[PDB]
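Enquirer: this one is an experimental structure. Sequence first:
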Amino acid sequence: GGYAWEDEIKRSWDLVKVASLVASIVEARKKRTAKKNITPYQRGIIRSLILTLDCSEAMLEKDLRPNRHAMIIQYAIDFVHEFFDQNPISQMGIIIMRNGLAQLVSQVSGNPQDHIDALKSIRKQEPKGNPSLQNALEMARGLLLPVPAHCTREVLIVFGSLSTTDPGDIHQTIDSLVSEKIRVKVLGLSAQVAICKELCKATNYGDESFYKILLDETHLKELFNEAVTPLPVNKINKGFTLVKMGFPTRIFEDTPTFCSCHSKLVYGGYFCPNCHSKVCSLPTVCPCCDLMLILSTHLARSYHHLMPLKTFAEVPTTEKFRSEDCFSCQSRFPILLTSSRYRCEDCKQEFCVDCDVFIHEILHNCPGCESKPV
Amino acid sequence: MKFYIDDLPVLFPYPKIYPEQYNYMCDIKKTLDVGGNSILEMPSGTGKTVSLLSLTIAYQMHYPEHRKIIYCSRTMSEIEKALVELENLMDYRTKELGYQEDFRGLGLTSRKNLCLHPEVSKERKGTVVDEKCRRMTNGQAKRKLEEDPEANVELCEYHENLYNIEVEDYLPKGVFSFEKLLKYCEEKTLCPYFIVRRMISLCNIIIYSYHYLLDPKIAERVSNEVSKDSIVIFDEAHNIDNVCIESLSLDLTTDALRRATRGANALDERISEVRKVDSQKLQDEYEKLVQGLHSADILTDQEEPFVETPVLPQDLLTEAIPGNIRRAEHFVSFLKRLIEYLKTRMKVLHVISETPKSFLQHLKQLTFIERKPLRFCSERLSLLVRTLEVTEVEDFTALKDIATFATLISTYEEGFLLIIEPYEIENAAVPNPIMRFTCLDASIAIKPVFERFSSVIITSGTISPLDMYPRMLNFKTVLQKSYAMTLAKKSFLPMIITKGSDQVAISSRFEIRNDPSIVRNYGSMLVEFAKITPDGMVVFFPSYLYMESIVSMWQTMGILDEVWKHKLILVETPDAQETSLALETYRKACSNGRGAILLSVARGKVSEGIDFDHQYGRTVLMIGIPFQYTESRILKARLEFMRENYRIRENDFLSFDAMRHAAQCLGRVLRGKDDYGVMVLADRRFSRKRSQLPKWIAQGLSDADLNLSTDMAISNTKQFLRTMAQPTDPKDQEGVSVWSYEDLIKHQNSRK
Ligand code: SF4
Ligand SMILES: [Zn+2]
Ligand SMILES: [Zn+2]
Ligand SMILES: [Zn+2]
Ligand SMILES: [Zn+2]
C-alpha cells in the first residue's frame, strides 16, 4: 500500500527533449474548398428582426469575461452597428427576458441610434429572475404583426438558461409562429435545449443549422456576425411584390425649420417627393404619406448579396503563370515548391492572397473582370 | 435499402445502415443456417429490433421452409415497440415489392389489456377480469340460454360476434399493433383477446412476453399452438433467470391458509347441497374419473381449468387418479387435512430450510397423505369445481394457492427448497409467519424451450458476461460475441464517482443509509448535475426503501428545494398507474423545455423497458450498486445452490447480478448514434467493476474516469455537453459510422 512518494520522481525535465511551407498552403487550399460552393441564392434584403436577449439568473455566471450579461450586451451594441451598416433599409426591435416576463426596450424602427441608447441603458441593470421563451416569442409575434408582407420577419434569440418557465403551452406558440411565417434563430450559451431545437427546426422548414451553441468567446463573435447577412428565402414561400418608395433630394437652407418627424428645428433635411415634408435622416418612413424614403446608395449596398462574386480557385504549380506580380496590387509573389497565385475564372487573372481576401470581403467586384472589354 | 447476403435478399427499411447492424445481421443469418443457439450483445445506440426483424422476416419469405418467427420480450410495452417496428418493415416491403405479401403479425397479452367490455374492463386486477370474461364465455351461459331463453345470465357481444365469421377472416392480412388492433376491433365489436389467441397458429410472427413462454400456467396453451421449427428470439434477456425462477415459486401466509379453510368448508357445504338435489353430476364425473380420463378429455376447448397447471407439461403424470381423491367428499377431506398440516407448520420459532423430500416424509408421518395424490391435487380440484356449478368462485379462490403448493412440492425434489420463517418482516410487533416455496435452478423452466426449438437467438443490449448465461442456464451456443459501436465521435460519457466534493467516500450500503455525510454528498451531486443537465435527468436507486429514506432526508435538509428551481421532481411509486402518469408528466416537461428529474428504482418498473432517448435522457445518475438484499433466505439458498452445482462463487454472482441491473439502466439512454448523454456511477465500489460492464460501455470508460469527484465530474460533464452540441462534420462519419448502399457493397467486396 505504498504511496506515490515512494514510487519515483516525476522528472519533468525528461518530458521535454531537444514541407513546413507546404503545410501553410494546403490549409489555405482546403479552406478555399469550403468557400468554393457559392451560388446566387435568393435573399430577403428587407428584414424585420426582433432581437431577444436573455437577462436572468443564469446570465450571472462567470464563464464569459466579465459575465454573460455584460458581454452579450457589449456584443449586442456591436451587432446593431454592423447590422444597419449592411442592411440600411431594414428595421430592428429589442426585447429582453426578466423575472419571467418579456420587457420591450426598443420599438421596431430604422434608426440605429435609438437601439444603441436602449442597449446601453440595459447594460446597467443587474439581471435576475427566470427566463420565459413564450413571453418573449408572444411579444415578438405582436411586434412583427404591423409589418408588410414583403419584409422578412425574423427573431434572433440569445438564450443562456437550460430551463424555461412559461405560463402557457409553448408548442401552440411555435405553431402560431410557423403560421405567421416568422423565422427564429437561437444562439445558446451552455448546451442544447429540446424546445429551442424544435423551435429553430420547425420554424425554418426543418433546417437544424439555425440553433448554434458557442465554444468560446471568439466563436461567439463569429455567430453574432453571421446573423447580419440576409437569410435566404424558401422556394415555396413566395411573396413577390412591388414596394412604393421615393428618392428625396437633399436641401441646404439658410434658416432652421421644423421637422415633420420630431417637430424639432433642424437646419437641413431631405424633402419627400410625395408631400414635400422634410425628414432629418434616412432611411425612414415618411411621417405624413407613409412612403419609404431612401437614397440610391442604400439600394446599392445590397447588390453584392444578389450577384455574389464567384470564388477564386487555386492554380496548380504544374502549369506556367502569366505574370510575376499581382494584377491589382503588383505584390511580388514569393517563390517559396508551391504557388500562391489565385486566378479568377471569369477573367483568368492572377491575384495575390492579400487581394483575394480583400476583394471578397471589402470590395465586391473583381478588378480584372471590370477591366476586360467584352 | 435492399442489399444482398450470401443468398438471402433483405430489405432494410432505411436508406442508411450502421456497420454494426450489417455485422449483427450477418451473424444472425449464420446462426439460423448452421442451427443452434447464440448470444449476441449489441450496443443500445444502434437499431437492434429493426435489424432483427429485417433479416428474420426476409429469411422466412425467401427460404422454402418459411419458418415462423417467435419474438419474446420482458414486458408488454416492448411488445408494442416491436410491433411498431414490425409494421414499419412490412410497409416498406409493400412499397418496394409493389404488393402486400401474405403476412400476419400479432401480439399476445392478457385480457386486462385487450378487454373492450364496458363493465368487465373497469377492474383493478386481471384475475377478476379473467373470472368475469370466463363466466360470459365459458359456455354455461350459452347452454343455459339455449335451454331457457328466460335465463338472466348475460353474454359478451364481442365474443358472440366472432362465431359469425371464420377464424381466417378475423383480421385482414397485415400486422396489427395493440393500438391498431383495439381500434379495428372496436369498430366491429370483436374481442381482441380471443382474436389473437385463436389466430396464433396462422401468424407468421407472434410476439409475447417471457411469461407466456416460461411460466407453465399460461405457457402450455400458447406453446401448443406455435410451430416446432419456428425461429425463437429472446430480446432483452439479460434478466431471463429471474423470470424462470419465479415461474415455479410460491409464497404461503397465515391469512392464505386461514382463507383456504373457509374455502374448503364452503366446498364441503356446496357438495352437500348439490348431493341433495342433483347427485347425477357427481356420479357422471366419478364414472369418467374411474375410466382414467384427465382434465384435457373432460374439459371442452372453450373452457379452461379452474387451477392452472403449476408444473411443466412433461412432469405431469399420465396415469389415472390414485383413488384416494376420486370422490368429491373424500377429496375435500384430503384437501382439508392438508391445509391443517400447513397451518401447524407455520408455528415455528426459527427459520427452517427443508427439501421437498423431507417435507413429504413429515407429512406422511403426521398425516397419511402420499406423494402421488398431491401431484393430482390441482388436476382433481379443477374437475370438482367445474362440475359443481361454481359460477361465483370468490370463496374458492384461496384454494388455488393450496392446490398449487401440493402439486409443485410433490413434483420436483431437486433444485427446489422450502423456507419457513416466523417473521416475514423483521420490523414487526407480532410475528407474521410465512412459508416460501423457492426454485433455485433457473434452467428447469427454460429446459423445455431449448429442447423443443432448434434455433434460438439470445440478444440484448447489456448481456455481459456472455459466458455466465450458458453456465447459469444449461445450454450451449454455436457462437457468442459482443459488438463495439464504430462511432466517429464519442456520444456517451461513462464516469465513476467514488467521493464527493469534500473527498469523503460515498456508498449506498444499506447499513449506513441514514448517514449525514453520505446523504449530503449524494444530494449535492443530484443538485449539481441538475444545474447543467439541459432537459432530462434520470436517477436510479438500489432499492425503493433506500430511495424513500434518502429522499425524505433530502427534503428535511432542504436539498429538494434547490432542485425544484431547475427541474420538476417526478418520483416512482408502488402504484403502476401513478408511475405511468409520472412518466407522461416527465416526458412532457422535457419536451416543453421546463426540465424534469425522475427518481426511480434500478430494479423497478421503469428500468425494465422504459427508455429515455434524446431529450428525455441526458444524464443517468446511478446512486450506488443495485445490490440485492444480502440477508435474505431466498438469495442465500440460491447462492449456495449455484456454488455447489455450477461452481459459481457467491460474491461473483452478487456482483454479476448487481452490475447487469446497473448496465441495464445505462443502456436506456441511447437510440441512434446522434443521441448523447452522460452516465455517472456514484459509488466507491464501481471503481473495480469496469471489466464487469458491457464491452461497449467499458470501451467508453477511460482510465482517468475510474475514480472521480463530484466537482471533477461536473467539469467534464459541462465540457462534454458543450462539445456534443456542435454541428457534426459529415465527412467525419460518411463511411466509418454510417454506411450508404455503395459503402456496404464496398465492405462486401473487400471482405470477399
Ligand atoms: S370476451 Fe373479450 S371483451 Fe368480452 S369480457 Fe372477455 S376479454 Fe372482455
Ligand atoms: Zn426630426
Ligand atoms: Zn412624404
Ligand atoms: Zn494583390
Ligand atoms: Zn475576374
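Expert: Nice, I can see it. Numbers count the residues shown, from 1 in each chain, chains lettered A, B, ... in the order given. Ligands and ions are numbered 1, 2, ... in the order given.

Enquirer: number of residues surrounding residue B:193?
Expert: Close neighbours of residue B:193, defined as other C-beta atoms under 10 Å in any protein chain shown, add up to 25. Every C-beta, even on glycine, is put in place using the N, C-alpha and C of the backbone.

Enquirer: please tell me how far it sits from residue B:103.
Expert: Distance, residue B:193 to residue B:103, using C-beta to C-beta, to the nearest Å: 22 Å.

Enquirer: just residue B:80 next, same as before
Expert: Residue B:80 is 18 Å from residue B:103, by C-beta to C-beta.

Enquirer: what strand or helix carries residue 273?
Expert: In the absence of a named chain, chain A is used. Secondary structure from DSSP states H and E places residue A:273 outside every helix and strand.

Enquirer: oops, wrong one, chain B.
Expert: Element membership for residue B:273 (DSSP H and E) is helix B:254-277.

Enquirer: CA atoms only: put that helix into PDB for me.
Expert: Listed in PDB are the C-alpha atoms of helix B:254-277, where the atom choice follows Å, rounded to 0.1, in the frame of the first residue of the first chain:
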ATOM      1  CA  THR B 254     -51.200 -17.400   7.700                       C
ATOM      2  CA  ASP B 255     -54.000 -15.400   6.100                       C
ATOM      3  CA  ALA B 256     -53.900 -17.600   2.900                       C
ATOM      4  CA  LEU B 257     -54.200 -20.800   5.000                       C
ATOM      5  CA  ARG B 258     -57.000 -19.200   7.100                       C
ATOM      6  CA  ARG B 259     -58.800 -18.300   3.900                       C
ATOM      7  CA  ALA B 260     -58.200 -21.700   2.500                       C
ATOM      8  CA  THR B 261     -60.000 -23.300   5.400                       C
ATOM      9  CA  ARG B 262     -63.000 -21.100   4.700                       C
ATOM     10  CA  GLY B 263     -62.900 -22.200   1.000                       C
ATOM     11  CA  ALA B 264     -62.600 -25.800   2.000                       C
ATOM     12  CA  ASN B 265     -65.600 -25.600   4.300                       C
ATOM     13  CA  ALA B 266     -67.600 -23.800   1.600                       C
ATOM     14  CA  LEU B 267     -66.800 -26.600  -0.900                       C
ATOM     15  CA  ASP B 268     -68.000 -29.200   1.600                       C
ATOM     16  CA  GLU B 269     -71.200 -27.300   2.100                       C
ATOM     17  CA  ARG B 270     -71.700 -26.900  -1.600                       C
ATOM     18  CA  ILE B 271     -71.100 -30.600  -2.300                       C
ATOM     19  CA  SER B 272     -73.800 -31.400   0.300                       C
ATOM     20  CA  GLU B 273     -76.300 -29.000  -1.400                       C
ATOM     21  CA  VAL B 274     -75.600 -30.500  -4.800                       C
ATOM     22  CA  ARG B 275     -75.900 -34.000  -3.500                       C
ATOM     23  CA  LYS B 276     -79.300 -33.400  -2.100                       C
ATOM     24  CA  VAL B 277     -80.900 -32.000  -5.300                       C
END
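
Enquirer: name the helices or strands packed onto it?
Expert: Contacts defined by 3 or more C-beta pairs under 8 Å, 6 or more residues apart in numbering or on different chains; DSSP states H and E place helix B:254-277 against helix B:280-291, helix B:328-345, helix B:398-411.

Enquirer: for the helix or strand just after the last one, packing partners?
Expert: If I follow you right, that is helix B:398-411. Scanning forward in sequence from helix B:398-411 by DSSP H and E, the next helix or strand is strand B:416-421. When contacts are defined as 3+ C-beta pairs under 8 Å, 6+ apart, strand B:416-421 sits against strand B:352-354, helix B:356-366, helix B:398-411, strand B:434-439, helix B:633-645.

Enquirer: can you list the ones you listed in CSV and add mean neighbour count and distance to ligand 5?
Expert: Below are the helices and strands packed on strand B:416-421 laid out as CSV (neighbours: other C-beta atoms under 10 Å in any protein chain shown; distance: least, C-beta to the ion, whole Å):
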stretch, mean neighbour count, distance to ligand 5
strand B:352-354, 15, 94
helix B:356-366, 15, 96
helix B:398-411, 23, 92
strand B:434-439, 21, 85
helix B:633-645, 17, 81
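
Enquirer: nearest to ligand 2, out of the ones you listed?
Expert: Closest to ligand 2 of these is helix B:633-645 (C-beta to the ion; 86.8 Å).

Enquirer: show me how far the closest one is from its chain's centre.
Expert: 22 Å (C-alpha atoms, centre = their mean, to the nearest Å).

Enquirer: between strand B:434-439 and that helix, find me the angle.
Expert: Counting by axes from the mean of the first three to the mean of the last three C-alpha atoms, to 10 degrees, helix B:633-645 lies at 30 degrees to strand B:434-439.

Enquirer: just the angle between helix B:633-645 and strand B:416-421, please?
Expert: Going by the same axes, to 10 degrees, helix B:633-645 makes 150 degrees with strand B:416-421.

Enquirer: list of residues touching the helix or strand following helix B:633-645?
Expert: Remark: after helix B:633-645, the chain's next helix or strand is helix B:650-666, criterion DSSP H and E. If you take C-beta atoms under 8 Å, 6 or more residues apart in numbering or on different chains as the criterion, helix B:650-666 is touched by B:238-239, B:461-465, B:468, B:494, B:538, B:540, B:602-603, B:607-608, B:620, B:622, B:625-628, B:630, B:639-640, B:642-643, B:679, B:681, B:686, B:689, B:692-694, B:697.

Enquirer: restricting to C-alpha, output helix B:650-666 in CSV.
Expert: Output in CSV follows, covering the C-alpha atoms of helix B:650-666 (Å, rounded to 0.1, in the frame of the first residue of the first chain):
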residue,chain,number,x,y,z
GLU,B,650,-21.3,-16.2,-4.2
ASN,B,651,-19.5,-12.9,-4.5
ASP,B,652,-19.1,-13.3,-8.2
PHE,B,653,-22.9,-13.9,-8.8
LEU,B,654,-23.8,-11.0,-6.5
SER,B,655,-21.5,-8.7,-8.4
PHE,B,656,-22.9,-10.0,-11.7
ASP,B,657,-26.5,-9.6,-10.5
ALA,B,658,-26.0,-6.0,-9.5
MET,B,659,-23.9,-4.9,-12.5
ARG,B,660,-26.4,-6.2,-15.0
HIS,B,661,-29.1,-4.0,-13.5
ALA,B,662,-26.8,-1.0,-13.4
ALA,B,663,-25.8,-1.6,-17.1
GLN,B,664,-29.5,-2.2,-17.9
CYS,B,665,-30.3,1.3,-16.8
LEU,B,666,-27.3,2.8,-18.5
